[PDB]
Amino acid sequence: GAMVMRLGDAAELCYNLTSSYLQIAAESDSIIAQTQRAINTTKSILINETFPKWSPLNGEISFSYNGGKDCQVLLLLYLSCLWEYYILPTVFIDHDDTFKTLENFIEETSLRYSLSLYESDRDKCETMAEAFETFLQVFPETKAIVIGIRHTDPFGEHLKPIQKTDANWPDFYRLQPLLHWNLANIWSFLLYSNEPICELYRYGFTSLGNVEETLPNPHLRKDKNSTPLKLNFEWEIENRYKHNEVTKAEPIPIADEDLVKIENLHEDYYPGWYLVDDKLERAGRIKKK
Ligand SMILES: Nc1ncnc2c1ncn2[C@@H]1O[C@H](COP(=O)(O)OP(=O)(O)OP(=O)(O)O)[C@@H](O)[C@H]1O
């Protein structure tokens, strides 16, 4: 059971769930309404500003993919806009310290969505720019790369939806259609989509840095003596997009090695979607000097 979809079927599903999200009846001051607005801006950027300039079909555009929450939301919206526009080269820079659950997830979703995955060499000591230069050598026709970074992410401040790479990178246009999204919008859309998400989030992770530094978020630690946290995504979860027989998905449990690490904490956490404050998204970290 590999939950595999042909690319066209994956695109059509994504178009349907995104359209379905947009049809949710919500109050103007709600998280869902804000998310619908964010989706519209993202669609406009892709359909109106991106696709007419760079062809998503011939290899001009590659999709920067690392299996995280930003990546998956952008992938679902990108697939939606491909279907909308018409009716998948992907690049992951691998590291020696990536969570096994994330590695697994990247592989599983590459299968699920019929992606064409390129991975850099996790055993080569190199910068991201250097890894992308090698990637350019392999795919010299690449003009643009889709990146799901948000303004609230580190180094997210001075970015624009369409922006050339820095001087030390290979020469491409960065396509950054998710900049205006906030953490709450990411969770709301993801939970509603009923698509598989990296299961580390379910255990209290709000970011996925690396195996040595990242911990479940201390703000999400369960304690009899803390005010219990409220869930802002009850509707989305309870009314999540119902899939047909072709498109059915199931979560994939976390890697054995990661469950052992979580169990070793002897502490339980609310899932990551109990966090909606962007300022605390990377709070789950080992104390370093
Ligand atoms: N190692 C990588 N390989 C390919 N793309 C990457 C990589 N790291 C970041 N990116 C790109 O930058 C965007 C930001 O992802 P990042 O993982 O930095 O943010 P996030 O999803 O908010 O955090 P997390 O994954 O820790 O929960 C991603 O959507 C992806 O497009």
# chains A, B, ... in the order shown; residues from 1 in each chain; ligands from 1
>>> residues_around(residues="region 52-66 of chain A", least_positions_apart="4", cutoff="7 Å", atoms="only C-alpha atoms", output="number ranges by chain")
A: 48, 71, 89-92, 106, 141-147
>>> write_last_selection(atoms="N, CA, C and O atoms", output="PDB file, in the first residue's frame")
ATOM      1  N   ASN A  48      -1.094  33.955 -12.503  1.00  0.00           N
ATOM      2  CA  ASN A  48      -0.982  35.233 -13.191  1.00  0.00           C
ATOM      3  C   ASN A  48       0.440  35.698 -13.408  1.00  0.00           C
ATOM      4  O   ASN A  48       0.761  36.242 -14.453  1.00  0.00           O
ATOM      5  N   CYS A  71       6.509  23.278   2.602  1.00  0.00           N
ATOM      6  CA  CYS A  71       6.685  22.504   1.371  1.00  0.00           C
ATOM      7  C   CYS A  71       5.385  21.818   0.944  1.00  0.00           C
ATOM      8  O   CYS A  71       4.957  21.922  -0.226  1.00  0.00           O
ATOM      9  N   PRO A  89       9.617  17.855 -11.632  1.00  0.00           N
ATOM     10  CA  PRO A  89      10.975  17.930 -11.098  1.00  0.00           C
ATOM     11  C   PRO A  89      11.003  18.560  -9.703  1.00  0.00           C
ATOM     12  O   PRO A  89      10.480  19.663  -9.490  1.00  0.00           O
ATOM     13  N   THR A  90      11.609  17.841  -8.768  1.00  0.00           N
ATOM     14  CA  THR A  90      11.711  18.259  -7.383  1.00  0.00           C
ATOM     15  C   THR A  90      13.180  18.182  -6.946  1.00  0.00           C
ATOM     16  O   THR A  90      13.936  17.337  -7.427  1.00  0.00           O
ATOM     17  N   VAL A  91      13.590  19.074  -6.048  1.00  0.00           N
ATOM     18  CA  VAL A  91      14.977  19.060  -5.558  1.00  0.00           C
ATOM     19  C   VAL A  91      15.014  19.201  -4.042  1.00  0.00           C
ATOM     20  O   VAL A  91      14.451  20.135  -3.467  1.00  0.00           O
ATOM     21  N   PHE A  92      15.671  18.239  -3.405  1.00  0.00           N
ATOM     22  CA  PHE A  92      15.823  18.220  -1.964  1.00  0.00           C
ATOM     23  C   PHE A  92      17.324  18.280  -1.681  1.00  0.00           C
ATOM     24  O   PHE A  92      18.083  17.482  -2.215  1.00  0.00           O
ATOM     25  N   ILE A 106       9.715  12.311   2.767  1.00  0.00           N
ATOM     26  CA  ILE A 106      10.075  12.818   1.432  1.00  0.00           C
ATOM     27  C   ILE A 106       9.946  11.726   0.355  1.00  0.00           C
ATOM     28  O   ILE A 106       9.400  11.968  -0.734  1.00  0.00           O
ATOM     29  N   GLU A 141      18.769  23.519 -17.922  1.00  0.00           N
ATOM     30  CA  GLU A 141      17.602  24.185 -18.490  1.00  0.00           C
ATOM     31  C   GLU A 141      16.733  24.874 -17.415  1.00  0.00           C
ATOM     32  O   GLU A 141      15.719  25.524 -17.732  1.00  0.00           O
ATOM     33  N   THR A 142      17.115  24.711 -16.141  1.00  0.00           N
ATOM     34  CA  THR A 142      16.340  25.282 -15.040  1.00  0.00           C
ATOM     35  C   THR A 142      16.459  26.778 -15.048  1.00  0.00           C
ATOM     36  O   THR A 142      17.568  27.302 -14.991  1.00  0.00           O
ATOM     37  N   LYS A 143      15.325  27.466 -15.125  1.00  0.00           N
ATOM     38  CA  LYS A 143      15.322  28.939 -15.073  1.00  0.00           C
ATOM     39  C   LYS A 143      14.839  29.455 -13.719  1.00  0.00           C
ATOM     40  O   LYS A 143      15.197  30.553 -13.295  1.00  0.00           O
ATOM     41  N   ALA A 144      14.018  28.651 -13.051  1.00  0.00           N
ATOM     42  CA  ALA A 144      13.323  29.080 -11.838  1.00  0.00           C
ATOM     43  C   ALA A 144      13.126  27.926 -10.859  1.00  0.00           C
ATOM     44  O   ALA A 144      13.000  26.758 -11.266  1.00  0.00           O
ATOM     45  N   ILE A 145      13.094  28.272  -9.570  1.00  0.00           N
ATOM     46  CA  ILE A 145      12.872  27.280  -8.505  1.00  0.00           C
ATOM     47  C   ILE A 145      11.814  27.779  -7.502  1.00  0.00           C
ATOM     48  O   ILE A 145      11.882  28.916  -7.003  1.00  0.00           O
ATOM     49  N   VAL A 146      10.841  26.916  -7.221  1.00  0.00           N
ATOM     50  CA  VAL A 146       9.728  27.233  -6.306  1.00  0.00           C
ATOM     51  C   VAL A 146      10.173  26.939  -4.868  1.00  0.00           C
ATOM     52  O   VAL A 146      10.656  25.831  -4.577  1.00  0.00           O
ATOM     53  N   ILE A 147      10.023  27.929  -3.992  1.00  0.00           N
ATOM     54  CA  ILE A 147      10.465  27.852  -2.577  1.00  0.00           C
ATOM     55  C   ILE A 147       9.321  28.260  -1.652  1.00  0.00           C
ATOM     56  O   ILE A 147       8.743  29.336  -1.811  1.00  0.00           O
TER      57      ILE A 147
END
>>> residues_near_ligand(ligand="ligand 1", cutoff="9 Å", atoms="only C-alpha atoms and all ligand atoms", output="PyMOL selection string")
chain A and resi 63-75+90-95+98+102+119-120+128+145-150+152-154+156+176+178+183+186+198+201+205-210+281-282
>>> residues_around(residues="region 239-244 of chain A", least_positions_apart="5", cutoff="6 Å", atoms="only C-alpha atoms", output="list in words")
residues 192, 193 and 194 of chain A
>>> select_by_dssp(residues="region 51-163 of chain A", states="strand (DSSP E)", output="VMD selection string")
chain A and resid 61 to 64 89 to 92 116 to 119 144 to 146 162 to 163
>>> write_last_selection(atoms="N, CA and C atoms", output="mmCIF file, in the first residue's frame")
data_model
loop_
_atom_site.group_PDB
_atom_site.id
_atom_site.type_symbol
_atom_site.label_atom_id
_atom_site.label_comp_id
_atom_site.auth_asym_id
_atom_site.auth_seq_id
_atom_site.Cartn_x
_atom_site.Cartn_y
_atom_site.Cartn_z
ATOM 1 N N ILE A 61 11.043 25.005 -14.590
ATOM 2 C CA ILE A 61 10.779 25.174 -13.157
ATOM 3 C C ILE A 61 11.050 23.871 -12.401
ATOM 4 N N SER A 62 11.853 23.964 -11.351
ATOM 5 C CA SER A 62 12.037 22.858 -10.428
ATOM 6 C C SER A 62 11.426 23.287 -9.077
ATOM 7 N N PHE A 63 10.977 22.318 -8.280
ATOM 8 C CA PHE A 63 10.253 22.579 -7.048
ATOM 9 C C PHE A 63 11.131 22.213 -5.853
ATOM 10 N N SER A 64 11.466 23.190 -5.008
ATOM 11 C CA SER A 64 12.355 22.959 -3.872
ATOM 12 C C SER A 64 11.570 22.264 -2.770
ATOM 13 N N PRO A 89 9.617 17.855 -11.632
ATOM 14 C CA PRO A 89 10.975 17.930 -11.098
ATOM 15 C C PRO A 89 11.003 18.560 -9.703
ATOM 16 N N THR A 90 11.609 17.841 -8.768
ATOM 17 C CA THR A 90 11.711 18.259 -7.383
ATOM 18 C C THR A 90 13.180 18.182 -6.946
ATOM 19 N N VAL A 91 13.590 19.074 -6.048
ATOM 20 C CA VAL A 91 14.977 19.060 -5.558
ATOM 21 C C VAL A 91 15.014 19.201 -4.042
ATOM 22 N N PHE A 92 15.671 18.239 -3.405
ATOM 23 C CA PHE A 92 15.823 18.220 -1.964
ATOM 24 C C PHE A 92 17.324 18.280 -1.681
ATOM 25 N N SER A 116 9.459 13.826 -9.459
ATOM 26 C CA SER A 116 10.745 13.376 -9.985
ATOM 27 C C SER A 116 11.847 13.950 -9.079
ATOM 28 N N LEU A 117 12.202 13.167 -8.064
ATOM 29 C CA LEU A 117 13.028 13.661 -6.987
ATOM 30 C C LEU A 117 14.518 13.593 -7.278
ATOM 31 N N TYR A 118 15.177 14.731 -7.143
ATOM 32 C CA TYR A 118 16.638 14.815 -7.126
ATOM 33 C C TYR A 118 17.017 15.113 -5.662
ATOM 34 N N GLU A 119 17.974 14.363 -5.131
ATOM 35 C CA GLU A 119 18.516 14.653 -3.817
ATOM 36 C C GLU A 119 19.997 14.931 -3.923
ATOM 37 N N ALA A 144 14.018 28.651 -13.051
ATOM 38 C CA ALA A 144 13.323 29.080 -11.838
ATOM 39 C C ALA A 144 13.126 27.926 -10.859
ATOM 40 N N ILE A 145 13.094 28.272 -9.570
ATOM 41 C CA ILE A 145 12.872 27.280 -8.505
ATOM 42 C C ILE A 145 11.814 27.779 -7.502
ATOM 43 N N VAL A 146 10.841 26.916 -7.221
ATOM 44 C CA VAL A 146 9.728 27.233 -6.306
ATOM 45 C C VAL A 146 10.173 26.939 -4.868
ATOM 46 N N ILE A 162 8.844 36.987 -6.600
ATOM 47 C CA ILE A 162 9.676 36.708 -7.777
ATOM 48 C C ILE A 162 10.961 37.467 -7.510
ATOM 49 N N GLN A 163 12.072 36.738 -7.445
ATOM 50 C CA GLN A 163 13.328 37.339 -7.010
ATOM 51 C C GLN A 163 14.529 36.508 -7.460
#
>>> closest_atom_pairs(of="region 198-268 of chain A", to="region 1-22 of chain A", cutoff="8 Å", atoms="only C-alpha atoms", output="JSON lines")
{"residue": "A:241", "atom": "CA", "partner": "A:17", "partner_atom": "CA", "distance": 6.3}
{"residue": "A:246", "atom": "CA", "partner": "A:5", "partner_atom": "CA", "distance": 7.6}
{"residue": "A:247", "atom": "CA", "partner": "A:5", "partner_atom": "CA", "distance": 7.0}
{"residue": "A:248", "atom": "CA", "partner": "A:3", "partner_atom": "CA", "distance": 6.8}
{"residue": "A:249", "atom": "CA", "partner": "A:3", "partner_atom": "CA", "distance": 5.9}
{"residue": "A:250", "atom": "CA", "partner": "A:3", "partner_atom": "CA", "distance": 7.9}
>>> atom_distance(atom1="CA of residue 284 (chain A)", atom2="CA of residue 218 (chain A)")
5.9 Å
>>> closest_atom_pairs(of="region 206-278 of chain A", to="region 25-32 of chain A", cutoff="9 Å", atoms="only C-alpha atoms", output="CSV")
residue,atom,partner,partner_atom,distance
A:232,CA,A:31,CA,8.2
A:233,CA,A:31,CA,8.7
A:236,CA,A:32,CA,8.6
>>> write_last_selection(atoms="N, CA and C atoms", output="PDB file, in the first residue's frame")
ATOM      1  N   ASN A 232      -7.510  25.384  17.642  1.00  0.00           N
ATOM      2  CA  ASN A 232      -8.114  26.358  16.733  1.00  0.00           C
ATOM      3  C   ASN A 232      -8.593  25.736  15.431  1.00  0.00           C
ATOM      4  N   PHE A 233      -8.331  24.433  15.244  1.00  0.00           N
ATOM      5  CA  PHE A 233      -8.625  23.763  13.967  1.00  0.00           C
ATOM      6  C   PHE A 233      -9.607  22.604  14.053  1.00  0.00           C
ATOM      7  N   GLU A 236     -11.796  22.185  10.752  1.00  0.00           N
ATOM      8  CA  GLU A 236     -10.984  21.652   9.681  1.00  0.00           C
ATOM      9  C   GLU A 236     -10.744  20.156   9.856  1.00  0.00           C
TER      10      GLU A 236
END
>>> select_by_dssp(residues="region 44-276 of chain A", states="alpha helix (DSSP H)", output="VMD selection string")
chain A and resid 44 69 to 86 100 to 112 128 to 138 183 to 193 234 to 238 256 to 263
>>> atom_distance(atom1="CA of residue 105 (chain A)", atom2="CA of residue 195 (chain A)")
12.1 Å
>>> atom_distance(atom1="CA of residue 237 (chain A)", atom2="CA of residue 80 (chain A)")
20.6 Å
>>> decode(residues="region 136-151 of chain A", atoms="N, CA, C and O atoms", output="PDB file, in the first residue's frame")
ATOM      1  N   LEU A 136      22.320  22.448 -10.903  1.00  0.00           N
ATOM      2  CA  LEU A 136      22.267  23.196 -12.180  1.00  0.00           C
ATOM      3  C   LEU A 136      23.045  22.446 -13.270  1.00  0.00           C
ATOM      4  O   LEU A 136      22.623  22.396 -14.433  1.00  0.00           O
ATOM      5  N   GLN A 137      24.184  21.874 -12.890  1.00  0.00           N
ATOM      6  CA  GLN A 137      25.004  21.137 -13.848  1.00  0.00           C
ATOM      7  C   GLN A 137      24.190  19.980 -14.430  1.00  0.00           C
ATOM      8  O   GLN A 137      24.186  19.768 -15.636  1.00  0.00           O
ATOM      9  N   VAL A 138      23.476  19.269 -13.569  1.00  0.00           N
ATOM     10  CA  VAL A 138      22.603  18.157 -13.983  1.00  0.00           C
ATOM     11  C   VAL A 138      21.387  18.642 -14.802  1.00  0.00           C
ATOM     12  O   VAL A 138      21.018  18.030 -15.827  1.00  0.00           O
ATOM     13  N   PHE A 139      20.772  19.740 -14.363  1.00  0.00           N
ATOM     14  CA  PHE A 139      19.606  20.298 -15.051  1.00  0.00           C
ATOM     15  C   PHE A 139      19.828  21.750 -15.543  1.00  0.00           C
ATOM     16  O   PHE A 139      19.207  22.692 -15.020  1.00  0.00           O
ATOM     17  N   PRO A 140      20.693  21.928 -16.565  1.00  0.00           N
ATOM     18  CA  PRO A 140      21.064  23.273 -17.089  1.00  0.00           C
ATOM     19  C   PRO A 140      19.942  24.118 -17.721  1.00  0.00           C
ATOM     20  O   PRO A 140      20.157  25.295 -18.018  1.00  0.00           O
ATOM     21  N   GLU A 141      18.769  23.519 -17.922  1.00  0.00           N
ATOM     22  CA  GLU A 141      17.602  24.185 -18.490  1.00  0.00           C
ATOM     23  C   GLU A 141      16.733  24.874 -17.415  1.00  0.00           C
ATOM     24  O   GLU A 141      15.719  25.524 -17.732  1.00  0.00           O
ATOM     25  N   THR A 142      17.115  24.711 -16.141  1.00  0.00           N
ATOM     26  CA  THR A 142      16.340  25.282 -15.040  1.00  0.00           C
ATOM     27  C   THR A 142      16.459  26.778 -15.048  1.00  0.00           C
ATOM     28  O   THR A 142      17.568  27.302 -14.991  1.00  0.00           O
ATOM     29  N   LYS A 143      15.325  27.466 -15.125  1.00  0.00           N
ATOM     30  CA  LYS A 143      15.322  28.939 -15.073  1.00  0.00           C
ATOM     31  C   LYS A 143      14.839  29.455 -13.719  1.00  0.00           C
ATOM     32  O   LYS A 143      15.197  30.553 -13.295  1.00  0.00           O
ATOM     33  N   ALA A 144      14.018  28.651 -13.051  1.00  0.00           N
ATOM     34  CA  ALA A 144      13.323  29.080 -11.838  1.00  0.00           C
ATOM     35  C   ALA A 144      13.126  27.926 -10.859  1.00  0.00           C
ATOM     36  O   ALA A 144      13.000  26.758 -11.266  1.00  0.00           O
ATOM     37  N   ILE A 145      13.094  28.272  -9.570  1.00  0.00           N
ATOM     38  CA  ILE A 145      12.872  27.280  -8.505  1.00  0.00           C
ATOM     39  C   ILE A 145      11.814  27.779  -7.502  1.00  0.00           C
ATOM     40  O   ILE A 145      11.882  28.916  -7.003  1.00  0.00           O
ATOM     41  N   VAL A 146      10.841  26.916  -7.221  1.00  0.00           N
ATOM     42  CA  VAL A 146       9.728  27.233  -6.306  1.00  0.00           C
ATOM     43  C   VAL A 146      10.173  26.939  -4.868  1.00  0.00           C
ATOM     44  O   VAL A 146      10.656  25.831  -4.577  1.00  0.00           O
ATOM     45  N   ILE A 147      10.023  27.929  -3.992  1.00  0.00           N
ATOM     46  CA  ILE A 147      10.465  27.852  -2.577  1.00  0.00           C
ATOM     47  C   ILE A 147       9.321  28.260  -1.652  1.00  0.00           C
ATOM     48  O   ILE A 147       8.743  29.336  -1.811  1.00  0.00           O
ATOM     49  N   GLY A 148       8.989  27.397  -0.702  1.00  0.00           N
ATOM     50  CA  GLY A 148       7.815  27.616   0.159  1.00  0.00           C
ATOM     51  C   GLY A 148       8.045  28.413   1.424  1.00  0.00           C
ATOM     52  O   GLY A 148       7.227  28.347   2.357  1.00  0.00           O
ATOM     53  N   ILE A 149       9.135  29.184   1.465  1.00  0.00           N
ATOM     54  CA  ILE A 149       9.501  29.915   2.670  1.00  0.00           C
ATOM     55  C   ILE A 149       8.442  30.974   3.002  1.00  0.00           C
ATOM     56  O   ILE A 149       7.807  31.522   2.093  1.00  0.00           O
ATOM     57  N   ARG A 150       8.240  31.239   4.293  1.00  0.00           N
ATOM     58  CA  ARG A 150       7.337  32.323   4.735  1.00  0.00           C
ATOM     59  C   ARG A 150       8.166  33.524   5.251  1.00  0.00           C
ATOM     60  O   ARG A 150       9.305  33.340   5.691  1.00  0.00           O
ATOM     61  N   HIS A 151       7.597  34.733   5.220  1.00  0.00           N
ATOM     62  CA  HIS A 151       8.282  35.900   5.823  1.00  0.00           C
ATOM     63  C   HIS A 151       8.660  35.666   7.301  1.00  0.00           C
ATOM     64  O   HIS A 151       9.651  36.205   7.774  1.00  0.00           O
TER      65      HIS A 151
END
